[PDB]
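**Student:** The file below is upload.tsv, TSV, C-alpha atoms and all ligand atoms:
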```tsv
chain	number	residue	atom	x	y	z
A	30	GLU	CA	167.50	100.63	129.29
A	31	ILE	CA	169.29	102.81	131.87
A	32	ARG	CA	166.91	105.43	133.31
A	33	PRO	CA	169.03	107.75	135.48
A	34	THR	CA	167.82	109.51	138.61
A	35	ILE	CA	170.07	112.46	137.77
A	36	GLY	CA	170.96	113.13	134.16
A	37	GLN	CA	169.26	113.09	130.79
A	38	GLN	CA	167.21	110.08	129.69
A	39	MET	CA	167.79	108.11	126.53
A	40	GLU	CA	166.08	109.46	123.39
A	41	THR	CA	166.23	109.00	119.59
A	42	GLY	CA	169.81	109.25	118.30
A	43	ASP	CA	171.38	107.52	121.33
A	44	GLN	CA	173.51	104.33	120.99
A	45	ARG	CA	173.80	101.97	123.97
A	46	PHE	CA	177.28	100.38	124.05
A	47	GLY	CA	177.96	98.13	127.03
A	48	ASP	CA	177.19	100.21	130.14
A	49	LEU	CA	177.50	103.55	128.34
A	50	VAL	CA	175.51	105.72	125.92
A	51	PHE	CA	176.93	107.61	122.94
A	52	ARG	CA	175.27	110.40	120.98
A	53	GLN	CA	176.62	111.99	117.81
A	54	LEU	CA	176.41	115.80	118.09
A	55	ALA	CA	178.18	116.77	114.87
A	56	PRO	CA	180.01	114.84	112.09
A	57	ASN	CA	183.19	114.83	114.22
A	58	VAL	CA	181.82	115.17	117.78
A	59	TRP	CA	180.16	112.62	120.07
A	60	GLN	CA	178.96	112.81	123.67
A	61	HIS	CA	179.91	109.93	125.99
A	62	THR	CA	177.63	109.15	128.92
A	63	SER	CA	178.43	106.92	131.88
A	64	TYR	CA	176.44	106.07	134.97
A	65	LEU	CA	177.31	105.85	138.66
A	66	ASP	CA	174.91	103.49	140.43
A	67	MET	CA	174.23	105.00	143.89
A	68	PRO	CA	172.67	102.30	146.11
A	69	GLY	CA	169.15	103.32	147.20
A	70	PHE	CA	169.23	106.34	144.83
A	71	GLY	CA	169.80	105.01	141.27
A	72	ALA	CA	171.98	106.06	138.36
A	73	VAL	CA	173.75	109.40	138.00
A	74	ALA	CA	174.67	110.16	134.36
A	75	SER	CA	177.81	112.10	133.50
A	76	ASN	CA	178.74	113.36	130.03
A	77	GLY	CA	181.97	114.12	128.22
A	78	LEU	CA	183.11	114.47	124.61
A	79	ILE	CA	184.90	112.62	121.85
A	80	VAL	CA	186.24	114.67	118.93
A	81	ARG	CA	187.73	113.42	115.67
A	82	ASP	CA	190.56	115.62	114.33
A	83	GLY	CA	191.73	114.06	111.07
A	84	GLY	CA	193.60	110.80	111.79
A	85	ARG	CA	193.28	111.03	115.59
A	86	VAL	CA	190.71	111.32	118.35
A	87	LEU	CA	190.62	113.68	121.37
A	88	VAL	CA	188.68	113.05	124.58
A	89	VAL	CA	187.18	115.49	127.10
A	90	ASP	CA	186.59	113.94	130.57
A	91	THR	CA	186.81	110.39	131.76
A	92	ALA	CA	183.80	108.30	132.79
A	93	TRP	CA	183.14	107.75	136.51
A	94	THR	CA	185.33	104.63	136.64
A	95	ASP	CA	188.31	103.00	134.99
A	96	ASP	CA	186.20	100.18	133.53
A	97	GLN	CA	183.69	102.64	132.05
A	98	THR	CA	186.57	104.66	130.62
A	99	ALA	CA	188.03	101.51	129.03
A	100	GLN	CA	184.57	101.05	127.46
A	101	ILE	CA	184.81	104.55	125.97
A	102	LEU	CA	188.13	103.53	124.40
A	103	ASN	CA	186.51	100.32	123.10
A	104	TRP	CA	183.68	102.33	121.51
A	105	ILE	CA	186.23	104.62	119.84
A	106	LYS	CA	188.11	101.56	118.53
A	107	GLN	CA	184.91	99.96	117.12
A	108	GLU	CA	183.20	103.06	115.71
A	109	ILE	CA	186.13	105.29	114.67
A	110	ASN	CA	189.21	103.00	114.67
A	111	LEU	CA	191.68	105.90	115.11
A	112	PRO	CA	194.13	106.48	117.96
A	113	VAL	CA	193.36	108.71	120.91
A	114	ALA	CA	196.00	111.46	121.00
A	115	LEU	CA	195.11	113.03	124.32
A	116	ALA	CA	192.46	113.62	126.91
A	117	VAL	CA	191.60	116.85	128.78
A	118	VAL	CA	189.79	116.47	132.10
A	119	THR	CA	187.79	119.37	133.44
A	120	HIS	CA	188.32	119.21	137.23
A	121	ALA	CA	189.37	116.95	140.10
A	122	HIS	CA	186.10	115.12	140.91
A	123	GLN	CA	185.13	111.51	140.20
A	124	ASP	CA	182.69	112.18	137.34
A	125	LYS	CA	185.46	113.92	135.35
A	126	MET	CA	188.68	112.14	136.48
A	127	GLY	CA	187.60	108.81	137.96
A	128	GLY	CA	188.93	106.89	134.95
A	129	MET	CA	192.46	108.33	134.63
A	130	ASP	CA	194.15	104.99	135.15
A	131	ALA	CA	192.39	103.51	132.09
A	132	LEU	CA	193.68	106.37	129.92
A	133	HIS	CA	197.20	105.92	131.28
A	134	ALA	CA	197.14	102.13	130.78
A	135	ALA	CA	196.17	102.80	127.15
A	136	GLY	CA	199.17	105.15	126.73
A	137	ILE	CA	197.06	108.28	126.20
A	138	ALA	CA	198.56	111.67	127.14
A	139	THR	CA	196.46	113.36	129.81
A	140	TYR	CA	196.02	117.06	130.55
A	141	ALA	CA	194.29	119.00	133.32
A	142	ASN	CA	194.46	122.40	134.97
A	143	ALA	CA	197.62	122.50	137.12
A	144	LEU	CA	195.31	123.15	140.07
A	145	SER	CA	193.29	120.02	139.24
A	146	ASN	CA	196.51	118.02	139.29
A	147	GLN	CA	197.43	119.56	142.65
A	148	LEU	CA	193.94	118.79	144.06
A	149	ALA	CA	193.71	115.27	142.59
A	150	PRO	CA	195.59	113.49	145.41
A	151	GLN	CA	193.32	115.26	147.93
A	152	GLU	CA	190.19	114.13	146.02
A	153	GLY	CA	191.05	110.43	145.67
A	154	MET	CA	192.01	110.98	142.00
A	155	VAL	CA	195.16	110.30	139.95
A	156	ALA	CA	196.62	113.49	138.45
A	157	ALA	CA	196.84	114.00	134.72
A	158	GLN	CA	200.39	113.64	133.43
A	159	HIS	CA	200.54	117.22	132.08
A	160	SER	CA	199.42	120.52	133.52
A	161	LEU	CA	197.58	123.34	131.76
A	162	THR	CA	198.12	126.93	132.92
A	163	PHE	CA	196.00	129.97	132.19
A	164	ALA	CA	196.30	133.67	131.52
A	165	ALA	CA	194.69	136.33	133.69
A	166	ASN	CA	191.72	136.42	131.28
A	167	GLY	CA	191.22	132.64	131.45
A	168	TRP	CA	192.66	131.51	128.10
A	169	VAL	CA	195.00	128.53	128.24
A	170	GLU	CA	198.70	129.23	127.73
A	171	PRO	CA	199.21	127.57	124.29
A	172	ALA	CA	202.65	126.15	125.13
A	173	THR	CA	200.94	124.03	127.83
A	174	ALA	CA	198.35	122.66	125.36
A	175	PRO	CA	200.52	121.37	122.49
A	176	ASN	CA	198.77	119.94	119.44
A	177	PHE	CA	195.28	120.34	120.91
A	178	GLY	CA	193.76	120.75	117.42
A	179	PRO	CA	190.21	122.06	117.74
A	180	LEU	CA	190.10	121.95	121.56
A	181	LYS	CA	190.14	125.52	122.90
A	182	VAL	CA	190.55	125.40	126.66
A	183	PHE	CA	189.22	128.24	128.81
A	184	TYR	CA	189.36	128.69	132.59
A	185	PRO	CA	186.31	130.81	133.43
A	186	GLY	CA	187.08	131.45	137.08
A	187	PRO	CA	186.02	129.62	140.23
A	188	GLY	CA	182.45	128.35	140.20
A	189	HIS	CA	181.39	124.72	140.64
A	190	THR	CA	184.98	124.28	141.90
A	191	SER	CA	188.05	126.52	141.92
A	192	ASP	CA	189.70	124.35	139.24
A	193	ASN	CA	186.82	123.92	136.76
A	194	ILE	CA	187.76	124.37	133.10
A	195	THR	CA	185.75	124.51	129.88
A	196	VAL	CA	186.42	123.53	126.28
A	197	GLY	CA	185.25	125.03	122.97
A	198	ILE	CA	185.38	122.88	119.85
A	199	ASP	CA	186.83	125.06	117.13
A	200	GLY	CA	185.34	124.50	113.67
A	201	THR	CA	181.94	123.79	115.26
A	202	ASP	CA	179.25	125.66	117.18
A	203	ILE	CA	179.77	123.47	120.28
A	204	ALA	CA	181.21	124.39	123.69
A	205	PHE	CA	181.52	122.23	126.79
A	206	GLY	CA	180.84	123.59	130.27
A	207	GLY	CA	181.32	120.42	132.33
A	208	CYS	CA	179.74	120.61	135.79
A	209	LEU	CA	179.88	124.43	135.86
A	210	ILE	CA	176.85	124.73	133.58
A	211	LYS	CA	173.41	123.29	134.28
A	212	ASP	CA	170.60	123.19	131.75
A	213	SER	CA	168.06	125.93	131.06
A	214	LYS	CA	165.34	124.12	133.06
A	215	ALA	CA	167.47	123.13	136.08
A	216	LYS	CA	166.20	124.03	139.57
A	217	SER	CA	169.58	123.43	141.26
A	218	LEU	CA	173.26	124.14	140.63
A	219	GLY	CA	174.06	120.63	141.95
A	220	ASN	CA	176.79	120.03	144.47
A	221	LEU	CA	177.95	123.40	145.83
A	222	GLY	CA	180.10	121.77	148.57
A	223	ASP	CA	183.39	122.81	146.86
A	224	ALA	CA	181.89	125.82	145.02
A	225	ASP	CA	182.86	129.48	145.05
A	226	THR	CA	179.44	131.01	145.63
A	227	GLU	CA	180.76	134.59	145.32
A	228	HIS	CA	182.38	134.20	141.89
A	229	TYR	CA	180.14	131.52	140.30
A	230	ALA	CA	177.86	133.89	138.39
A	231	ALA	CA	180.73	135.81	136.83
A	232	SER	CA	182.50	132.56	135.93
A	233	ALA	CA	179.39	131.18	134.18
A	234	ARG	CA	179.03	134.42	132.23
A	235	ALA	CA	182.78	134.40	131.37
A	236	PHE	CA	182.34	130.95	129.79
A	237	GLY	CA	179.54	132.41	127.63
A	238	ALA	CA	181.70	135.39	126.63
A	239	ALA	CA	184.67	133.13	125.79
A	240	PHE	CA	182.59	131.17	123.24
A	241	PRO	CA	180.08	133.83	122.19
A	242	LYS	CA	179.00	132.04	118.99
A	243	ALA	CA	178.63	128.53	120.45
A	244	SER	CA	174.96	127.63	119.97
A	245	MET	CA	175.13	124.08	121.40
A	246	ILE	CA	176.17	123.96	125.05
A	247	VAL	CA	177.23	120.54	126.33
A	248	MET	CA	177.38	119.85	130.05
A	249	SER	CA	177.98	117.07	132.54
A	250	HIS	CA	174.47	116.12	133.69
A	251	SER	CA	171.96	117.19	131.05
A	252	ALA	CA	171.46	116.82	127.31
A	253	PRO	CA	173.04	119.45	125.06
A	254	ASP	CA	171.13	122.73	125.32
A	255	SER	CA	170.96	126.23	123.93
A	256	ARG	CA	172.82	129.22	125.30
A	257	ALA	CA	169.93	129.53	127.79
A	258	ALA	CA	171.85	126.92	129.83
A	259	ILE	CA	174.54	129.58	130.34
A	260	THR	CA	172.17	132.43	131.10
A	261	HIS	CA	169.99	130.33	133.42
A	262	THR	CA	173.01	128.97	135.28
A	263	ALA	CA	174.26	132.55	135.79
A	264	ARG	CA	170.80	133.64	137.03
A	265	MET	CA	170.75	130.80	139.57
A	266	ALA	CA	174.29	131.70	140.63
A	267	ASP	CA	173.29	135.37	141.15
A	268	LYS	CA	171.09	134.10	144.01
A	269	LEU	CA	174.14	132.70	145.87
A	270	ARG	CA	175.68	136.12	146.55
B	301	LIG	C1	176.25	115.49	139.82
B	301	LIG	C2	176.83	116.11	141.09
B	301	LIG	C3	175.74	116.59	142.03
B	301	LIG	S1	177.87	114.89	141.93
B	301	LIG	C4	179.38	115.32	140.96
B	301	LIG	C5	180.60	115.46	141.88
B	301	LIG	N1	180.61	114.37	142.87
B	301	LIG	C6	181.29	113.25	142.71
B	301	LIG	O1	181.87	112.92	141.68
B	301	LIG	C7	181.29	112.37	143.96
B	301	LIG	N2	182.41	111.42	143.98
B	301	LIG	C8	179.96	111.66	144.20
B	301	LIG	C9	179.70	111.20	145.50
B	301	LIG	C10	178.51	110.55	145.80
B	301	LIG	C11	177.56	110.37	144.81
B	301	LIG	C12	177.79	110.82	143.51
B	301	LIG	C13	178.98	111.47	143.21
B	301	LIG	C14	180.77	116.84	142.57
B	301	LIG	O2	180.91	116.80	143.82
B	301	LIG	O3	180.89	117.84	141.80
B	301	LIG	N3	179.08	116.57	140.20
B	301	LIG	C15	177.88	117.21	140.79
B	301	LIG	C16	177.44	118.36	139.87
B	301	LIG	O4	177.92	118.38	138.70
B	301	LIG	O5	176.68	119.22	140.39
B	302	ZN	ZN	182.62	118.49	140.54
B	303	ZN	ZN	179.16	116.78	138.04
```
Now that the file is in, can you turn its structure into structure tokens?
**Tutor:**
Amino acid sequence: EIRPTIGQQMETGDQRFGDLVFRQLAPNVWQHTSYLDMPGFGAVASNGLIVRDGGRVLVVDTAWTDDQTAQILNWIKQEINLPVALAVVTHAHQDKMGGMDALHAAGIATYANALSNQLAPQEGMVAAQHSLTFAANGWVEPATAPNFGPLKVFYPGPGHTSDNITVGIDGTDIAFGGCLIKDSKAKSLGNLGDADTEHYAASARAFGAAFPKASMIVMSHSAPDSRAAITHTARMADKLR
């Protein structure tokens, strides 16, 4: 059993598949978890989502690596056996975009914030093949997110990074904060090296206001939590100003 140094542990309702862990969150939503083995430190878990939308599947975030991301695709093939229409990746760091080449090799259409695509080559990442753009209030421009089904993409403002985006799952009470949101018991906001410490608090609160009726908040490095993940993250971020 993988026991990560950073990230949630395995509990009841988790399926180990190869090097990854999968957890069903709703009838049509699963969390994927992959692990970066840091020598002398141990495993760092990172989470994304898999959403079934009728006869097709949608993915939020890659795993840390191409091979792990190919394992996500293998899990989808075994457990769902429907084609992946597209993936949305939530900023230009390894935990979220490290596996782009596996998605591209599989022929899956990839989407990211235009700014993530512009930053990708500066972050040792491969850009997504399509760029999302956003309104002044953070909502994605719908012409840039064709046929996204239940994925409702929201740019909350700079926080964990300047490019971080978030995703609500319409038809459910789930919203995904990626690395912007930390859980209600977290002591740290994680890596602030690329963060906007001035705007972080407002960006965390904007995510909450964008999906005001989401009761299950999914994030990169903890198990799904209540809305207290949002409010606690914002309270920690208030201390940065
Ligand atoms: C879990 C992290 C502290 S590391 C991860 C990310 N870092 C990477 O993906 C790096 N490539 C990395 C380098 C060394 C060890 C682990 C990750 C970041 O900088 O936001 N997201 C951070 C976070 O979400 O706070
Ligand atoms: Zn990051
Ligand atoms: Zn992260």
**Student:** Per residue of chain A within 9 Å of ligand LIG 301 (chain B), note the shortest atom pair and the distance in Å to one decimal, counting all atoms listed in the file, and order the rows by chain and increasing residue number, as a tab-separated table.
**Tutor:**
```
residue	atom	partner	partner_atom	distance
A:35	CA	B:LIG301	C1	7.2
A:36	CA	B:LIG301	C1	8.1
A:65	CA	B:LIG301	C12	7.0
A:66	CA	B:LIG301	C12	8.5
A:67	CA	B:LIG301	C11	6.4
A:73	CA	B:LIG301	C1	6.8
A:74	CA	B:LIG301	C1	7.8
A:75	CA	B:LIG301	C1	7.3
A:93	CA	B:LIG301	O1	7.4
A:120	CA	B:LIG301	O3	8.8
A:121	CA	B:LIG301	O1	8.7
A:122	CA	B:LIG301	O1	4.8
A:123	CA	B:LIG301	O1	3.8
A:124	CA	B:LIG301	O1	4.5
A:125	CA	B:LIG301	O1	7.3
A:126	CA	B:LIG301	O1	8.6
A:127	CA	B:LIG301	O1	8.0
A:152	CA	B:LIG301	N2	8.5
A:153	CA	B:LIG301	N2	8.9
A:189	CA	B:LIG301	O3	7.0
A:190	CA	B:LIG301	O3	7.6
A:207	CA	B:LIG301	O4	7.5
A:208	CA	B:LIG301	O4	4.1
A:209	CA	B:LIG301	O4	7.0
A:210	CA	B:LIG301	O4	8.2
A:211	CA	B:LIG301	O4	8.0
A:217	CA	B:LIG301	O5	8.3
A:218	CA	B:LIG301	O5	6.0
A:219	CA	B:LIG301	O5	3.4
A:220	CA	B:LIG301	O5	4.2
A:221	CA	B:LIG301	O5	7.0
A:222	CA	B:LIG301	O2	6.9
A:223	CA	B:LIG301	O2	7.2
A:224	CA	B:LIG301	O3	8.7
A:248	CA	B:LIG301	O4	8.8
A:249	CA	B:LIG301	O4	6.3
A:250	CA	B:LIG301	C1	6.4
```
**Student:** Tell me, as a PyMOL selection string, which residues lie within 10 Å of residue 140 (chain A), counting all atoms listed in the file; anything in the same chain fewer than 4 positions away does not count.
**Tutor:** chain A and resi 89-90+115-119+145-146+156-161+173-174
**Student:** For residue 230 (chain A), which residue among A:55, A:102, A:131, A:263 is the nearest when counting only C-alpha atoms?
**Tutor:**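 The closest residue to residue 230 (chain A) is A:263.
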**Student:** Skipping near chain neighbours, those fewer than 5 positions away, what residues fall within 10 Å of residue 63 (chain A) using all atoms listed in the file, listed as a PyMOL selection string?
**Tutor:** chain A and resi 36+48-51+72-77+91-94+97-98+100-101+124
**Student:** Can you tell me which residues surround residue 242 (chain A) at a distance of at most 10 Å, considering all atoms listed in the file, apart from same-chain residues fewer than 2 positions away, and format the answer as a PDB file with C-alpha atoms, keeping the file's coordinate frame?
**Tutor:**
```pdb
ATOM      1  CA  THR A 201     181.940 123.790 115.260  1.00  0.00           C
ATOM      2  CA  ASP A 202     179.250 125.660 117.180  1.00  0.00           C
ATOM      3  CA  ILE A 203     179.770 123.470 120.280  1.00  0.00           C
ATOM      4  CA  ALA A 204     181.210 124.390 123.690  1.00  0.00           C
ATOM      5  CA  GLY A 237     179.540 132.410 127.630  1.00  0.00           C
ATOM      6  CA  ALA A 238     181.700 135.390 126.630  1.00  0.00           C
ATOM      7  CA  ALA A 239     184.670 133.130 125.790  1.00  0.00           C
ATOM      8  CA  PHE A 240     182.590 131.170 123.240  1.00  0.00           C
ATOM      9  CA  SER A 244     174.960 127.630 119.970  1.00  0.00           C
ATOM     10  CA  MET A 245     175.130 124.080 121.400  1.00  0.00           C
ATOM     11  CA  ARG A 256     172.820 129.220 125.300  1.00  0.00           C
TER      12      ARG A 256
END
```
**Student:** With only C-alpha atoms and all ligand atoms as the atoms that count, which of A:187, A:45, A:193, A:137 lies nearest to ligand ZN 303 (chain B)?
**Tutor:** A:193
**Student:** Distance CA of residue 142 (chain A)-CA of residue 61 (chain A), one decimal place?
**Tutor:**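 Calculated distance between CA of residue 142 (chain A) and CA of residue 61 (chain A) is 21.2 Å.
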**Student:** Ranking A:216, A:192, A:155, A:270 by minimum distance to ligand ZN 302 (chain B) and counting all atoms listed in the file, which one comes first?
**Tutor:**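 The shortest atom-to-atom distance to ligand ZN 302 (chain B) comes from A:192.
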**Student:** Mind giving me the straight-line distance from CA of residue 229 (chain A) to CA of residue 183 (chain A) in Å, one decimal?
**Tutor:**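 Taking CA of residue 229 (chain A) and CA of residue 183 (chain A), their separation equals 15.0 Å.
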**Student:** For region 79-83 of chain A, list every protein, DNA or RNA residue within 8 Å, evaluated using all atoms listed in the file, and leave out those in the same chain fewer than 6 positions away; present the list as a CSV table (one decimal) with C-alpha atoms, in the coordinates of the input.
**Tutor:**
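Everything below was put into out38.csv:
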```
chain,number,residue,atom,x,y,z
A,57,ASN,CA,183.2,114.8,114.2
A,58,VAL,CA,181.8,115.2,117.8
A,59,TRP,CA,180.2,112.6,120.1
A,60,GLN,CA,179.0,112.8,123.7
A,61,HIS,CA,179.9,109.9,126.0
A,89,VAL,CA,187.2,115.5,127.1
A,178,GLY,CA,193.8,120.8,117.4
A,179,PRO,CA,190.2,122.1,117.7
```
**Student:** Select, from A:103, A:78, A:206, A:182, the residue with the minimum atom-to-atom distance to ligand ZN 303 (chain B), counting all atoms listed in the file.
**Tutor:**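 Among the listed residues, A:206 lies closest to ligand ZN 303 (chain B).
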**Student:** Considering all atoms listed in the file, can you say which of A:188, A:71, A:197, A:253 comes closest to ligand ZN 302 (chain B)?
**Tutor:**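 Under the stated criterion, the closest residue is A:188.
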**Student:** Could you give me, as an mmCIF file with C-alpha atoms, in the frame of the given file, the residues that have an atom at most 6 Å away from the point (187.8, 124.4, 118.1) in the coordinates of the file, using only C-alpha atoms?
**Tutor:**
```
data_model
loop_
_atom_site.group_PDB
_atom_site.id
_atom_site.type_symbol
_atom_site.label_atom_id
_atom_site.label_comp_id
_atom_site.auth_asym_id
_atom_site.auth_seq_id
_atom_site.Cartn_x
_atom_site.Cartn_y
_atom_site.Cartn_z
ATOM 1 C CA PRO A 179 190.210 122.060 117.740
ATOM 2 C CA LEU A 180 190.100 121.950 121.560
ATOM 3 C CA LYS A 181 190.140 125.520 122.900
ATOM 4 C CA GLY A 197 185.250 125.030 122.970
ATOM 5 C CA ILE A 198 185.380 122.880 119.850
ATOM 6 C CA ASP A 199 186.830 125.060 117.130
ATOM 7 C CA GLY A 200 185.340 124.500 113.670
#
```
**Student:** Quote the spacing between CA of residue 177 (chain A) and CA of residue 84 (chain A) in Å to one decimal place.
**Tutor:**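 Result for CA of residue 177 (chain A) versus CA of residue 84 (chain A): 13.3 Å, one decimal.
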